[PDB]
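Here are two versions of the same chain, shown separately as structure tokens and labelled structure 1 and structure 2.
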Structure 1
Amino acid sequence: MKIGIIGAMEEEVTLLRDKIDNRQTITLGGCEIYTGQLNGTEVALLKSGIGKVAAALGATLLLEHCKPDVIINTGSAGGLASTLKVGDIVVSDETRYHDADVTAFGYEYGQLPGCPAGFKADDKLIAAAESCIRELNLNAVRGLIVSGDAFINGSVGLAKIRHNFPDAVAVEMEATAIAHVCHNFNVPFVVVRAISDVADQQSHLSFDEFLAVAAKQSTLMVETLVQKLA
């Protein structure tokens, strides 16, 4: 089995990169792919850069060159569910764009022409993720994760998302793009992130302080998940 992992930032992939045995690096299209074994399992870890287009480009390359059986998207997120604290885990059961709007032609808000309104994560991946959270005794929320090309920092940006997607448990900037690419290539996908901030007026400060903690916890989950899937 070959597991694909994608993260956006250096801080989000660096801990996992260090655990890869017999690691080799490729650079292409501004993305770095690190291949090798993580605790015996073949992985390919991509550092995509930030936002929807950087993620889609990275995901397409990973699929085409490394042909993984599944993809796991890791890193930080903004917490929207009230029970979430910094460091806690969020797992996607679904992803939607919070900033897509073709409602003039009668599409659902967030839906793009030719796409489902939302991309459902793979049930088996979700089940395995849940079993890891339980084994590690971590606090987690499963649900809808929304993505857009905006860092959410309270005020109107946050209000708009809460209004349009009241069931969204977290916000980030890459997940739904990776889900979209995976849908088109029919490859199983899941998001396993950790909370760096709660996307409010303090989110820029919380994010700076807690990105490292979010990277540490998401890395813990992802390596536990890789081990379970094998």
Structure 2
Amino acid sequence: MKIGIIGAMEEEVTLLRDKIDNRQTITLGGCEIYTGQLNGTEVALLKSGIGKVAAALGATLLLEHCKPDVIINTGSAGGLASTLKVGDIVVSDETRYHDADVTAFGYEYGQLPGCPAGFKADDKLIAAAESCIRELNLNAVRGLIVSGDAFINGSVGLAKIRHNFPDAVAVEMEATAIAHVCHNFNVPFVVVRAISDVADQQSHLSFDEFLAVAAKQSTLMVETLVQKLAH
């Protein structure tokens, strides 16, 4: 079994890279893939760029060069649901674009032609991710994650996202792109995001402070999930 790992948090990618045995590096397209074994399981690891095109490029390269059986995609996100807490981990049931609009031709908002309205994560991977998160004494929240190429963290902007996607739990900038690529290649995936900030609430942590702890937690989550899936 070969597990592909795409992470947004630099420190998580660095820690995982350091842990990989028999490491090799594939360098191309302004992207880099690290391959080897993580605690005995073959993996392929990439740090996602920023925004949908960069994320899609990376995902496509990882799939074509490494042919993993599944994708685990980690990072951080903004929480849209007021019931979230900083440090909660959202597990995607589905991902949608908050900035796609071909409604002039009758499509649902967020849906692109030739795509479903939302890209669904794999039921087995969702369940496995949730179980691993909970085993690490963290809180897993299943729900819709929305993505787009605008960084949105202010009250007005988050309220607009919430009006268009009232069921959305979290927002960030790469999840839907990675899900779209995986979907189109028929590769099962799960998206996991640690909640850095909740809409209209001031976090007790700076983003850097959050990343210092979240990246360590996410690294452990990945190691745990890789082991559960393979062994």
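The term rigid core refers to the maximal set of C-alpha atoms that superpose within 1.5 Å between the two forms. FYI, numbering is relative to structure 1, first residue = 1.
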| item | value |
| --- | --- |
| Residue from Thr35, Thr41, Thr60, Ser203 whose Cα, after superposing the rigid core, lies 2 Å or more away between structures 1 and 2 | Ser203 |
| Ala8 C-alpha relocation of at least 2 Å between structures 1 and 2, rigid core basis | yes |
| Cα shift between structures 1 and 2 at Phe105, which is computed once both forms share a superposed rigid core (Å) | 0.2 |
| Displacement in Å of the C-alpha of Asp88 between structures 1 and 2, rigid core kept as reference | 2.0 |
